[PDB]
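The data below hold one chain only, encoded as structure tokens and taken in the form deposited in one PDB entry.
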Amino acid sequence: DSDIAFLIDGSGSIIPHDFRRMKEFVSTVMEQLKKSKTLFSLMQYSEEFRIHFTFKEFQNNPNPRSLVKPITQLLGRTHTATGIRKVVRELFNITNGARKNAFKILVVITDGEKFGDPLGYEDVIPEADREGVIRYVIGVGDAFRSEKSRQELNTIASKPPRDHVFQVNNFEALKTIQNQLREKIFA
């Protein structure tokens, strides 16, 4: 029914406590959204990319908190474009447990503008729309409190941005967006 992936920014700018707050938020959202026909998957990215759980592994152990708890920060830069390409191509791959015909959803959480990435969003976004992946993005912190940086949030997110883009001042404020995300996803 619904294949919901998460692409979480694990860059060096996110101090340890904010990283745990992001893990608390993902656990909470996954728990609130869990239904028999919903599988979840997660990838963390910096300048490195790590699949923490595939849809298959989540199906065999549908416990968000036990799957998320052990996750450790990758540190490094922010290769957001490459992160979404690997999500589209690997996370939503049938061999990883994705269900053909399922609604494909991706929730991106980042605290900074893409930097150092060899790929541009122009190399990644069109393929994502072609594969049907609906995208939500949550921009956290200072990196996104200007009009210019918000455009990047819009570029990542599905149309219209007003329905798929969330900005929150700090990782502590993520909890302020929990209900809206869930209800946007459910709708």
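In this text, residue numbers run from 1 along the sequence as written. Think of the rigid core as the biggest set of C-alphas that the two forms share within 1.5 Å after superposition.
Just so it is clear, the following notes concern the form solved in complex with a small molecule, a form of the same protein that is not shown.
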Heavy atom of residue 167 within 4.5 Å of the small molecule in the deposited bound form: no
Contact test in the deposited bound form: residue 89 vs the small molecule, heavy atoms, 4.5 Å: no
Distance check, residue 77 to the small molecule in the deposited bound form, heavy atom within 4.5 Å: yes
Residue stretch of 174 to 182, 159 to 167, 21 to 29, 7 to 15 approaching the small molecule in the deposited bound form, non-hydrogen atom distance within 4.5 Å: 7 to 15
Core-aligned C-alpha movement of residue 35 between this form and the one not shown reaching 2 Å: yes
Cα displacement of residue 174 between this form and the one not shown reaching 2 Å, rigid core superposed: yes
Flag for residue 165, CA shift 2 Å or larger between this form and the one not shown after aligning core: no
Outcome for the Cα pair residue 8, residue 171 in the deposited bound form, compared with this form (closer or farther; change of 3 Å or more): farther
In the deposited bound form, whether the C-alpha atoms of residue 175 and residue 9 sit closer or farther than here (change of 3 Å or more): farther
